[PDB]
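Have a look at the structure below, then the notes.
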Amino acid sequence: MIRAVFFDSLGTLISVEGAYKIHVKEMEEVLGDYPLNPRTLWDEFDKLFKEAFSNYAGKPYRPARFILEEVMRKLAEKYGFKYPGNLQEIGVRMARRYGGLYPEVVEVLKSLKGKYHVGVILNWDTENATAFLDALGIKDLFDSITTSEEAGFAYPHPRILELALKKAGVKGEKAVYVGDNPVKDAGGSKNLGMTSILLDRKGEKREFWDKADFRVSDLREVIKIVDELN
């Protein structure tokens with residue numbers, strides 16, 4: 001019955017502890033020798049980039065590289081540090097150095113890939129998203145990489161999922177959907193017939209429990225769930 005498994009957003013693959021490290025080390029490289037706290041610069045930057053990026057939700061996609069540069073450009077002015085080019089390429093380097101994938105990702109992707117179409121969906125730019133997956137070492141494990149830039153709209157928008165399924169050549173009813181935030185993923189409260197799996201690593205997402213077919217704290221359960229559905 002099931003022919004494709006999709007992972008939406010990097011929260012289903014990267015841990016909060018690993019993500020925060022890459023982010024911390026990201027600002028470290030940006031500041032260099034300039035006397036600024038990387039912890040605080042991340043706080044203001046993450047706050048500002050969220051504001052700017054949220055204004056495009058479900059609307060025609062503007063690449064994040066241009067929204068990041070503007071946010072970073074303003075911070076450089078505010079605090080008086082040089083802007084060392086695009087942050088996107090710095091992130092790929094930090095992911096290379098420190099990683100941050102959940103311990104079982106590569107194992108789970110490897111098993112599913114032998115039986116089903118394993119695709120990933122991201123609310124990011126196509127080029128950088130692929131480079132980031134390569135840095136983590138899981139790019140070649142996916143049968144398809146679908147992004148908001150390719151679909152033309154930011155999260156949420158049906159064209160993203162529609163295109164992901166088009167790549168796999170399967171209908172939604174024959175696909176599984178792994179996400180970590182139902183109100184911040186590609187399909188929003190929409191799936192196209194897909195069987196949803198909510199990743200709650202800590203069991204602290206009660207508000208999202210009732211809007212997901214299955215719940216798991218370990219991605220290896222995605223193997224069993226998909227297996228039983230067949």
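Residues in the structure tokens are named by chain (A, B, ... in the order shown) and by number from 1 within that chain; ligands are numbered from 1 in the order shown.
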Please produce, as a Markdown table, a per-residue contact table for region 163-196 of chain A versus region 201-204 of chain A (criterion: any atom at most 12 Å away, only C-alpha atoms considered), showing the nearest atom pair and its distance in Å to one decimal, sorted by chain then residue number.
| residue | atom | partner | partner_atom | distance |
| --- | --- | --- | --- | --- |
| A:179 | CA | A:201 | CA | 11.4 |
| A:180 | CA | A:201 | CA | 8.8 |
| A:181 | CA | A:201 | CA | 11.7 |
All residues 7 Å or closer to residue 149 (chain A), only C-alpha atoms, same chain fewer than 6 positions away omitted, as an MDAnalysis selection string: chainID A and resid 61 63 124:126
Residue nearest residue 154 (chain A) - candidates A:171, A:62, A:224, A:3, atoms counted: only C-alpha atoms: A:62
Members of region 122-187 of chain A assigned helix (DSSP H, G or I) by DSSP, as a VMD selection string: chain A and resid 126 to 136 139 to 141 148 to 151 158 to 168 172 to 174
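Between residue 85 (chain A) and the residues A:200, A:218, A:127, A:70, the shortest atom-to-atom distance, using only C-alpha atoms, involves A:70.
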Could you pull the residues within 12 Å of residue 44 (chain A), counting only C-alpha atoms, minus those fewer than 5 positions along the same chain, as a tab-separated table (two decimals) with C-alpha atoms, in the first residue's frame?
chain	number	residue	atom	x	y	z
A	27	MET	CA	27.71	33.39	14.66
A	37	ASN	CA	28.65	37.84	22.20
A	38	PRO	CA	27.68	35.05	19.76
A	39	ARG	CA	24.84	33.98	22.07
A	49	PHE	CA	14.83	36.52	10.58
A	50	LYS	CA	11.68	34.83	11.88
A	51	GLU	CA	9.74	38.09	11.60
A	71	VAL	CA	18.84	40.81	8.52
A	72	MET	CA	22.58	40.24	8.90
A	74	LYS	CA	21.36	45.44	9.57
A	75	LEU	CA	23.00	43.69	12.52
A	76	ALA	CA	26.48	44.45	11.17
A	78	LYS	CA	23.99	47.96	14.58
A	79	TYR	CA	26.99	46.34	16.29
Residues within 12 Å of residue 54 (chain A), only C-alpha atoms, excluding chain neighbours under 5 positions, as a list in words: residues 46, 47, 48, 49, 59, 61, 62, 64, 67, 123, 154, 155, 156 and 184 of chain A
Using N, CA and C atoms, can you export the residues from the last selection as a compact mmCIF listing (two decimals), in the first residue's frame?
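Listing of selection.txt after writing:
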# COMPACT_ATOMS: atom_id res chain seq x y z
N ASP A 46 17.91 35.44 15.12
CA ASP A 46 16.82 34.48 15.01
C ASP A 46 15.47 35.17 15.17
N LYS A 47 15.38 36.13 16.09
CA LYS A 47 14.13 36.87 16.26
C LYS A 47 13.78 37.65 15.00
N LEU A 48 14.76 38.34 14.42
CA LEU A 48 14.48 39.20 13.27
C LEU A 48 14.23 38.38 12.01
N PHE A 49 15.02 37.33 11.78
CA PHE A 49 14.83 36.52 10.58
C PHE A 49 13.46 35.84 10.60
N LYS A 59 2.96 32.27 0.59
CA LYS A 59 2.93 33.25 -0.50
C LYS A 59 4.07 32.97 -1.47
N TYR A 61 7.44 32.53 -3.18
CA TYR A 61 8.66 32.34 -2.40
C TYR A 61 9.71 33.38 -2.74
N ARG A 62 10.24 34.04 -1.71
CA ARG A 62 11.45 34.85 -1.83
C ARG A 62 12.59 34.10 -1.16
N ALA A 64 15.57 32.69 1.01
CA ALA A 64 16.03 33.09 2.33
C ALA A 64 17.39 33.76 2.28
N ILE A 67 16.77 37.29 2.36
CA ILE A 67 16.21 37.74 3.63
C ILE A 67 17.26 37.66 4.73
N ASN A 123 11.60 24.00 3.71
CA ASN A 123 11.18 25.38 3.47
C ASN A 123 12.43 26.26 3.35
N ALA A 154 6.27 29.45 -0.27
CA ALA A 154 6.78 29.11 1.04
C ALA A 154 5.76 28.30 1.83
N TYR A 155 6.23 27.68 2.90
CA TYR A 155 5.36 26.88 3.75
C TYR A 155 4.22 27.76 4.28
N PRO A 156 2.96 27.31 4.21
CA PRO A 156 2.45 26.08 3.60
C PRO A 156 1.85 26.33 2.22
N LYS A 184 3.45 24.20 11.02
CA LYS A 184 4.59 24.89 10.43
C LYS A 184 5.25 24.06 9.34
Given only C-alpha atoms as the counted atoms, nearest of A:199, A:135, A:141, A:170 to residue 1 (chain A): A:170
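Using only C-alpha atoms, the residues found no farther than 9 Å from residue 230 (chain A), other than those of its own chain fewer than 2 positions away, are residues 1, 2, 226, 227 and 228 of chain A.
Of the residues under consideration (A:24, A:13, A:131, A:95), A:13 shows the shortest atom-to-atom contact distance to residue 107 (chain A) when counting only C-alpha atoms.
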DSSP on the backbone, strand (DSSP E or B) only: what residues of region 2-157 of chain A does that give? Format it as an mmCIF file with C-alpha atoms, in the first residue's frame.
data_model
loop_
_atom_site.group_PDB
_atom_site.id
_atom_site.type_symbol
_atom_site.label_atom_id
_atom_site.label_comp_id
_atom_site.auth_asym_id
_atom_site.auth_seq_id
_atom_site.Cartn_x
_atom_site.Cartn_y
_atom_site.Cartn_z
ATOM 1 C CA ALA A 4 6.883 6.642 -0.452
ATOM 2 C CA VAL A 5 8.014 8.118 2.862
ATOM 3 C CA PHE A 6 8.540 11.873 3.148
ATOM 4 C CA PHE A 7 10.398 13.816 5.845
ATOM 5 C CA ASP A 8 9.283 17.440 6.222
ATOM 6 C CA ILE A 14 18.439 17.180 13.146
ATOM 7 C CA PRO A 60 5.217 33.386 -3.576
ATOM 8 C CA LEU A 101 21.704 14.388 13.036
ATOM 9 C CA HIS A 117 10.699 6.290 -2.152
ATOM 10 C CA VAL A 118 12.465 8.303 0.561
ATOM 11 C CA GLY A 119 12.054 12.017 -0.090
ATOM 12 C CA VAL A 120 12.690 15.142 1.978
ATOM 13 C CA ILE A 121 10.831 18.462 1.977
ATOM 14 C CA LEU A 122 12.312 21.760 3.147
ATOM 15 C CA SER A 144 13.885 13.302 -4.065
ATOM 16 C CA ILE A 145 14.616 16.712 -2.548
ATOM 17 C CA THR A 146 11.668 19.131 -2.744
ATOM 18 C CA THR A 147 11.972 22.739 -1.585
ATOM 19 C CA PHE A 153 5.750 29.118 -2.607
#
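Minimum atom-to-atom distances from A:102, A:116, A:81, A:132 to residue 12 (chain A) were compared using only C-alpha atoms, and the lowest value belongs to A:102.
Relative to CA of residue 219 (chain A), CA of residue 105 (chain A) is found at 7.1 Å.
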CA of residue 143 (chain A) to CA of residue 97 (chain A), straight-line distance in Å: 25.0 Å
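Considering the residues A:169, A:103, A:193, A:35 and counting only C-alpha atoms, residue 80 (chain A) has its shortest atom-to-atom contact with A:35.
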Shell around residue 17 (chain A) at 8 Å using only C-alpha atoms, local window under 3 positions removed, as JSON, numbers by chain: {"A": [20, 21, 100]}
Take the residues from that selection and put them in a file with C-alpha atoms, as a PDB file, in the first residue's frame.
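The new file result-v4.pdb reads:
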ATOM      1  CA  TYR A  20      21.714  25.068  18.314  1.00  0.00           C
ATOM      2  CA  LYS A  21      25.396  24.135  18.109  1.00  0.00           C
ATOM      3  CA  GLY A 100      23.898  17.103  14.522  1.00  0.00           C
TER       4      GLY A 100
END
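Every protein, DNA or RNA residue with an atom at most 12 Å from residue 92 (chain A), where only C-alpha atoms count and chain neighbours fewer than 4 positions away do not, is listed here: residues 19, 22, 23, 25, 26, 86, 87, 88, 96, 97, 98, 99, 100, 127, 128, 129, 130, 131, 132, 133, 134, 135, 136 and 137 of chain A.
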Restricting it to C-alpha atoms, dump the selection as an mmCIF file, in the first residue's frame.
data_model
loop_
_atom_site.group_PDB
_atom_site.id
_atom_site.type_symbol
_atom_site.label_atom_id
_atom_site.label_comp_id
_atom_site.auth_asym_id
_atom_site.auth_seq_id
_atom_site.Cartn_x
_atom_site.Cartn_y
_atom_site.Cartn_z
ATOM 1 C CA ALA A 19 20.932 22.625 15.506
ATOM 2 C CA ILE A 22 25.572 24.823 14.372
ATOM 3 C CA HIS A 23 23.816 28.119 15.017
ATOM 4 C CA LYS A 25 29.233 28.195 15.805
ATOM 5 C CA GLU A 26 27.656 30.038 12.855
ATOM 6 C CA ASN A 86 26.489 34.684 2.948
ATOM 7 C CA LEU A 87 25.598 32.851 6.149
ATOM 8 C CA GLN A 88 24.215 29.928 4.132
ATOM 9 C CA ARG A 96 30.245 19.513 8.026
ATOM 10 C CA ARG A 97 32.356 20.048 11.140
ATOM 11 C CA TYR A 98 29.859 19.205 13.890
ATOM 12 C CA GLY A 99 26.931 17.392 12.277
ATOM 13 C CA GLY A 100 23.898 17.103 14.522
ATOM 14 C CA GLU A 127 20.912 24.955 -3.668
ATOM 15 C CA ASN A 128 21.673 25.525 0.014
ATOM 16 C CA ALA A 129 19.234 22.839 1.183
ATOM 17 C CA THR A 130 21.073 20.251 -0.918
ATOM 18 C CA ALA A 131 24.481 21.496 0.236
ATOM 19 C CA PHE A 132 23.312 21.218 3.847
ATOM 20 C CA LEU A 133 22.078 17.652 3.345
ATOM 21 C CA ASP A 134 25.421 16.825 1.730
ATOM 22 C CA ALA A 135 27.304 18.259 4.713
ATOM 23 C CA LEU A 136 25.236 16.007 6.987
ATOM 24 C CA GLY A 137 25.914 13.024 4.719
#
